[PDB]
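What follows is a short report on a single structure.
There are 2 protein chains.
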Amino acid sequence: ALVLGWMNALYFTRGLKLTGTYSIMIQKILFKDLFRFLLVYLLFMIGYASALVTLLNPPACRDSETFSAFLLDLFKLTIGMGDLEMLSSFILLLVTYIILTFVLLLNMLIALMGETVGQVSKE
Amino acid sequence: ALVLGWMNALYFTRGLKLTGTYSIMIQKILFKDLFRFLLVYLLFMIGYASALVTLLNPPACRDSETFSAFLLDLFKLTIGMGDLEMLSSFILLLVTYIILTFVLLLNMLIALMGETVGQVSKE
């Protein structure tokens, strides 16, 4: 509730002169792209985890039919920021999948950012 | 095929009201810049690896006429995200080459992003 109140203050008090369009950018972005990410994210995670389970999991994470959400955590941590487990040292898949997820993240971020801020602004 | 189907769903179903121009941004970007990267990437890798082989490889990676693709992996891993092997502690070359590759990555990303999203949109 505290954080909700703070973002609410960021929301309502838009009468302090014009500063671009903060709230309107919120709604135009808000959660729209975020769940699209989440969904493509989860599908990629499950897809390559399925690759591993048809390959090893009966690899990097002890290959013992373990949890998948830790794959999400790893993907966020390293392919997002850094310190991957290599995880192959498999590859035909992982390389293509990771380059694709990067390409999709790029296009989504750039397209959303540019189109929303630039044209539809009507500040 | 799973991932292909998912990106296909992202592709075809563009009739859910207007949301910028996602698919059209795909095609305008798609793979155009990606192979330009790949090619400049590979040339830089081979160039500085040739520098090393005329210098040491008969350095950081055990200098024993080893594979080059691991140089690509290293370049992606650290000069892209972090944790380089220093690799000199040579330098006249590496410093200029790396600053150049960063400059090229910048210009390509920024120019592509801005020009494509902003002007040619016709959303």
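As given, the protein sequences belong to chains D and C, one line each in that order.
What the first sequence shows, in PDB author numbering, is residues 581 to 638, 658 to 688, 695 to 728, in sequence order.
What the second sequence shows, in PDB author numbering, is residues 581 to 638, 658 to 688, 695 to 728, in sequence order.
Cβ atoms here follow ideal geometry from the backbone N, Cα and C, with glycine treated the same way.
Starting from the Cα of residue i, find the closest Cα among the options and give me that residue.
i, options, result
"D:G627", "C:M587, C:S667 and C:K727", "C:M587"
"C:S726", "C:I604, C:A631 and C:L705", "C:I604"
"D:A629", "D:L618, D:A668 and D:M718", "D:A668"
"C:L590", "C:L598, C:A581 and C:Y602", "C:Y602"
"C:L686", "C:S663, C:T706 and C:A659", "C:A659"
"C:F695", "C:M718, C:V633, C:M680 and C:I715", "C:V633"
"D:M718", "D:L596, D:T593, D:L614 and D:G595", "D:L614"
"C:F666", "C:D682, C:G723 and C:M625", "C:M625"
May I have the straight-line CA-CA distance separating residue i from residue j, to the nearest angstrom?
i, j, result
"C:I703", "C:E684", "14 Å"
"C:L622", "C:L670", "10 Å"
"D:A631", "D:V700", "13 Å"
"C:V583", "D:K597", "47 Å"
"C:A581", "D:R616", "20 Å"
"D:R661", "D:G600", "51 Å"
"D:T706", "D:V722", "24 Å"
"C:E720", "C:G585", "30 Å"
"D:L697", "D:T593", "52 Å"
"C:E728", "D:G681", "35 Å"
"C:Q724", "D:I715", "14 Å"
"C:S688", "D:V620", "42 Å"
"C:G679", "C:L618", "14 Å"
"D:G595", "C:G595", "36 Å"
Quick check on the DSSP output: the alpha helix (DSSP H) that includes residue i runs from which residue to which?
i, result
"C:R594", "Note, C:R594: premise wrong, no alpha helix (DSSP H); not H, not E."
"D:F669", "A668 to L673"
"D:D613", "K612 to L635"
"D:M713", "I696 to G723"
"D:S603", "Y602 to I609"
| message | Taking contact to mean 3 or more Cβ pairs, one atom from each stretch, closer than 8 Å, check whether the region 697-717 of chain D and the region 605-625 of chain C are in contact. | response | Here the region 697-717 of chain D lies against the region 605-625 of chain C, with 3 or more beta-carbon pairs under 8 Å apart.
| field | At least 3 beta-carbon pairs within less than 8 Å: the region 631-638 of chain D vs the region 671-679 of chain D | value | no
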